[PDB]
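Enquirer: 3D model of this:
(chains A, B, C, D, E, F, G, H, I, J, K, L, M, N, O and P)
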Amino acid sequence: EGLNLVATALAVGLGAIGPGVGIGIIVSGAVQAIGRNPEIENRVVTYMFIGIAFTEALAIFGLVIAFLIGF
Amino acid sequence: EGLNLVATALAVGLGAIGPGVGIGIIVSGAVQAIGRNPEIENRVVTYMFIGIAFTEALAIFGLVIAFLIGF
Amino acid sequence: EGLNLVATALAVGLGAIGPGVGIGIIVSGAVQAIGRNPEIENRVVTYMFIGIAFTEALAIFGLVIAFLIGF
Amino acid sequence: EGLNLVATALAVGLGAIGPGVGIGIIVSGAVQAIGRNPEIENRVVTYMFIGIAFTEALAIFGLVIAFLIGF
Amino acid sequence: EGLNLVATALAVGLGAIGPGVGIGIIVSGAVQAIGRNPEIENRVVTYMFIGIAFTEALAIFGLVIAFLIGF
Amino acid sequence: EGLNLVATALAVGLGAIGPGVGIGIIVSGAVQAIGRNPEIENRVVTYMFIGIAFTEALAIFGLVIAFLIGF
Amino acid sequence: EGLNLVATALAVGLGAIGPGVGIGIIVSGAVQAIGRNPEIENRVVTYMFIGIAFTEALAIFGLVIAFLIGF
Amino acid sequence: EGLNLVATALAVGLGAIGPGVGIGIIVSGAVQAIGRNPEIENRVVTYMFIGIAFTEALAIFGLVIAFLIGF
Amino acid sequence: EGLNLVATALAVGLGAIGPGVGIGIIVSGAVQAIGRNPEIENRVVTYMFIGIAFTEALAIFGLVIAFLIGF
Amino acid sequence: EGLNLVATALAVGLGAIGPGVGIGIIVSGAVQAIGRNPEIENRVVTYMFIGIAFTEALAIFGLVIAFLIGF
Amino acid sequence: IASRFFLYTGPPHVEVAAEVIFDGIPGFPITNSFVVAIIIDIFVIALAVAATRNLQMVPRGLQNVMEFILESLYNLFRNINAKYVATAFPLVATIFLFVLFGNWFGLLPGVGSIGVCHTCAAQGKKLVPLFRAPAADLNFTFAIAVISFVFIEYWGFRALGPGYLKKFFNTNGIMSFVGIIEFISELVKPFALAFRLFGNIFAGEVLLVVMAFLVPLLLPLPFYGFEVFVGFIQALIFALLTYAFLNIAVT
Amino acid sequence: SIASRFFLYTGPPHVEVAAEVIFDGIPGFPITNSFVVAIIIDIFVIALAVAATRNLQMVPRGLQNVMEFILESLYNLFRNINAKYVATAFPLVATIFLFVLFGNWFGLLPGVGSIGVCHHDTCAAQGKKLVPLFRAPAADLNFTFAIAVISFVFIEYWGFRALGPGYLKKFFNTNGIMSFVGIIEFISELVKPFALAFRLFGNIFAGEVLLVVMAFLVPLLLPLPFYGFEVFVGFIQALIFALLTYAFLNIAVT
Amino acid sequence: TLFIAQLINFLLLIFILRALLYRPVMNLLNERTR
Amino acid sequence: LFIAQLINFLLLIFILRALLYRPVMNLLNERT
Amino acid sequence: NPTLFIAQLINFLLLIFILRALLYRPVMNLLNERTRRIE
Amino acid sequence: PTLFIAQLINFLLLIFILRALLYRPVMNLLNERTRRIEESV
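Expert: Numbering: from 1, shown residues only, chains lettered A, B, ... in the order given. Dropping the coordinates below:
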């Protein structure tokens, strides 16, 4: 039946909320730090884009398995 | 069977809860840092929009997956 | 069966918590910033509002899917 | 079948979870801003009411589908 | 077929979750502002009620659906 | 059928999770206000207790609905 | 049929998550206020303890519902 | 069927979710209090330990209920 | 029909969601505290360790119960 | 039957819900610590990487459980 | 008191659908959306020619209103970016004015009630609503979203060298792992715009229709106010997002 | 010695009874497995009190000092909570803490979950089933219900006496604020003693279940952190029960 | 038949908006003209 | 219908561009 | 019965409280003597 | 029963572990009480 479709739904929806709030927390902390001190932007930027990527990786898994259900 | 329809609803739902709190945190930190230091109001905007584009991609993927399984 | 009927209910109900908390934190942070500094009253109005739409858009997403299932 | 009652309950509950904390965050932010400085009362109240209006619009969006399920 | 019972139960529980944390953050912000400045007592608490009289009101709607199960 | 049992459990748990974090936030805010300024704790205590009662109303509503479903 | 086991599981799990974050925030605020000043530590410790008591009341209500369902 | 196994798993997981964020908030607040004038170390560690004692008490409640269902 | 697979899934997911949100707060609070001042330094470090250890126990259950289901 | 696919999807989704927000909090706190002052950057980056590894432990636990269920 | 007492007008009316093509008897058939779009274009042209027919110092009346609206938009766009505030002004300004009147047109009496058919609902006719909000259709909204995306890409390529495709598909290390989806997000920026604008007007008009079915009078007035508000917010925000995306692209 | 369960397998958690069990057969009211432990704890409390206060030495030393220190700490804490009502409630709140603490610690004593009378353990070989002996009174709902209702009656009486007729009906006549909160306050006070009893009931019960289960998994070096957690949480539960009772009294009067 | 209800609602909303927003909009327009 | 909508939007954009070029010039002259 | 068991437990708790009142009274007297010596 | 032996072993180990850390605190409390008594004079 549609259990594969349910699996795709669970994979795309659940597993995206985690990174969905993680991106926001990361960028908000970075923005607050950069506002309190703009003379350390570069380093901040680095610590931005790694962290995003890491939690983006958490999203990526929750994406790819869904495609693996699609086959 | 309507299992595809409930799967689509669940997919779009848990895909939508993902960004919302995230982007809220994004622009809340952005406006707070802007108020903290009005001098910096250009780089912060760019990084806030970059983070928004980072997080809303998950929601867009959930929406397009829901549409794909809805047709 | 009523599974299609409950699908619309999940579609509208889900993806409302995310944008709801997003709206909450957006307005809270913007009001905090404007309280700390009224001189930014223009900018804090602009950015927060577009953020509103972002969150709002997500909710609307789920809502439209409900109708996409309701009929 | 009785699943329509379950659908109404799901609609109202999942549409109530979001704005129920959203309006709380709105009021908390507005009251904190007022306590920080009691001179921006009118603008803060107006923006708080805008946020309340958006969140209650989400609540009504849930409510109308909850009623339509009974239809 | 006791779907009505789980329907009303889920309705009341999920209409009570949101307003609970909303009232919690409302009262926290209100008492924090009161501690910051006493003489604003009559004003901010009113907005608190303006928030609170909304929160539980929405909860009543969920409870109404519960009573609508008896209808 | 055993649907009454899951109904009661859903009622009590879903109507109890919200008030838990709500009362936690209420008392934490009152704690912070008292710690930073203990002279006005009486009004702070009164407002904290009325907020506790407000959310405990929802908690008791959920518990009573669970008990009614049980019998 | 085993649905009673699922009911007990739901009751205990919901009664567990509900106040855990609540008591965490309780003691976090209490220790923050203590760190701010140790002079009035006892008076505020009383309030944080009664807040913890209310949270435990909610949790153990959820627990005894599961116990009642089990028998 | 294996619905008993699902009940056990849901019980342990949803009994563990609450304490996970609980003790996190506890230790975050405790270390934050420590970082501000670390002179009240004994009191803050004692209060953090009793808080995590309550939190792990809820965790153990969930664990033992899951284990008893495993019987 | 394969309920043990979804049982293991529920166990792992619902027992890892707790630590996932917990540990981040646990060590992030200490990181910002030690950024505020590095004098106390490793004296605080062990705390997050044992704090992590605490939620690690939950994570252990989040595997162990699943490892019981899987084999 | 099909329960294996939804099991794997739920496992990855709820193994990504936790580490996502955990990584978000980790990077936010770490970058705030960077914004506080330099000359402590290396130590707090090491602590941030420790937290990232701790969350990635749960992430890979969920991923490997999903892969095992797929086999 | 103020009781409703509108059971006669409380008949079952929960009809909702996507864009409805009009008669289109000749070639290239038209829809109900593309007569409302035409009438909004006519209204905008009439307002512009009314503001343009008498231009002088010390603006007053309609001319002053047009100047204030245009100058507010100019200030808002300058606050984001001042270099392209004149190079991209006509597009964003046209986007705001066209959408806002289209959104407000759906609130006029007759929207969803005037049935083109072949109102006419007692019979077996389709009773297709003549007045359908142009922004509540996935054709006009998709067209404006795609033309905005084309404008962003062209001007994002007009002055960037071959460096526009440097933030994506780069070999800078970790920037690669974020460079692809950043482009992918850039791919979904128009779509996310369109589904944003199309749904919001559709959601509001369906809310108003449902509230009419629930209680015909005195119930939907706050929702009418909220919708006349949110329509202008959406119309402004679409142009604001277009300008912000252009600014982040040129930078 | 991690895999010592192979040599000594504890067996399934036979201790899962959610009610008191009569230990000695009596024609009238039987002595439950929790009642005998309550009597034993009372006897131990009497013995330690009569040992500490037999001589009443001026300078406290040894057991007298140990008994005096905890009582003085409780007195100071209650004085910190409320000023004038310490003496009116000190014996009840003091005995509600000491009595349940030893029973809580009695659960951690060896043989609490294994030693028992007949009606794979030992009695399974015989026809009569094996029931446990030494069950903590706090693990029984009857004892917790009794102490909770005693505390509820106490706070009701000392609120009625303190506020006269006002505590009889709070301020229901306000109709502006104390109109819906008053009934909310009343139902909160109604559910308070049930929560009090159930808190002590569940904590000790879950303690016994965890101790038995940990033996089933690995009965060597695994239940040691849990044993420490439980001996800590029993004392903490007794303390929070006493503090909660006194704080409820304090909010009742004021 | 919904046309009458829609017209009544639109007229009521227009009257409410005109009554509650004429003075501030007119003052803003006069200030902009000045 | 998407192509027709895009063409109509482009025509309206050109008309509004002419109208604004008149109004932007008027505003610039007023500023000077 | 369960009601009889609850009543018996309540009676035992009341007796324990009455007995501890004698113990608390000696402790109160000792504390008062210590305070008087401090005075 | 073997449960009794396991419980006895666990109780002995827990008692030893707890005493190894509580010997210092109980002795410290007794010393504080003795110091207060001496200060009473």
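Enquirer: burial count for residue 63?
Expert: With no chain named, the answer covers chain A. Per other C-beta atoms under 10 Å in any protein chain shown, the neighbour tally for residue A:63 reads 20. From N, CA and C alone the C-beta is placed, and that goes for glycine too.
Enquirer: please go with chain K instead
Expert: Residues near residue K:63, counting by other C-beta under 10 Å: 20.
Enquirer: do residue K:175 as well
Expert: 16.
Enquirer: helix/strand/coil for it?
Expert: For residue K:175, the assignment made with DSSP: H, G, I helix; E, B strand; the rest coil gives helix.
Enquirer: wait, doesn't it sit right on residue A:49?
Expert: Yes - using C-beta atoms under 8 Å, residue K:175 makes contact with residue A:49 at a distance of 6.6 Å.
Enquirer: ok now the longest helix seen in chain A, how far from the chain's centre?
Expert: For chain A, the helix with the greatest residue count under DSSP state H is helix A:41-70. Put simply, helix A:41-70 sits 5 Å off its chain's centre (C-alpha atoms, centre = their mean, to the nearest Å).
Enquirer: what values do phi and psi take at residue K:188?
Expert: Main-chain torsions, residue K:188, degrees, to the nearest 10: phi -90, psi 0.
Enquirer: state the distance from it to chain D.
Expert: Distance check for residue K:188 against chain D: by C-beta to the nearest C-beta, to the nearest Å, it reads 24 Å.
Enquirer: same check, this time on residue A:66
Expert: Taking C-beta to the nearest C-beta, one finds residue A:66 at 23 Å from chain D.
Enquirer: what do you get for residue K:91?
Expert: Taking C-beta to the nearest C-beta, one finds residue K:91 at 28 Å from chain D.
Enquirer: returning to what we had before: now the longest helix of chain A: buried residues?
Expert: A:41, A:43-44, A:46-63, A:65-66, A:68-69 (16 or more other C-beta atoms under 10 Å in any protein chain shown).
Enquirer: show me what stretch K:159-177 is in contact with.
Expert: Stretch K:159-177 is contacted from outside by A:46, A:49-50, A:53, A:56-57, K:156-157, K:179-180, K:182-183, K:186, K:249-250, using C-beta atoms under 8 Å, 6 or more residues apart in numbering or on different chains.
Enquirer: pull out the buried positions in it.
Expert: Using 16+ other C-beta under 10 Å as the burial criterion, the residues of stretch K:159-177 that qualify are K:164, K:167, K:168, K:170, K:175, K:177.
Enquirer: ok, so of those, who is nearest chain M?
Expert: The nearest member of the buried residues of stretch K:159-177 to chain M, counting by C-beta to the nearest C-beta, is residue K:164 at 40.6 Å.
Enquirer: helix/strand/coil for residue K:8?
Expert: From three-state DSSP, the assignment for residue K:8 is coil.
Enquirer: burial of the nearest residue to it once chain neighbours are set aside, as a residue count?
Expert: The shortest distance from residue K:8 to any non-neighbouring residue, by C-beta to C-beta, 6 or more residues apart in numbering or on different chains, is to residue M:1 (7.4 Å). Here the count is done by other C-beta under 10 Å, and residue M:1 has 14 residues near it.
Enquirer: residue M:1 against residue K:10, yeah?
Expert: No - taking contacts as C-beta under 8 Å, residue M:1 lies outside contact range of residue K:10: 9.7 Å.
Enquirer: for chain K, what spans make up the strands?
Expert: Assigned strands in chain K: none (criterion: DSSP state E).
Enquirer: grab the most central residue of it for me.
Expert: The structure's chain K has its C-alpha centroid closest to residue K:99; by C-alpha atoms, centre = their mean the separation is 3.6 Å.
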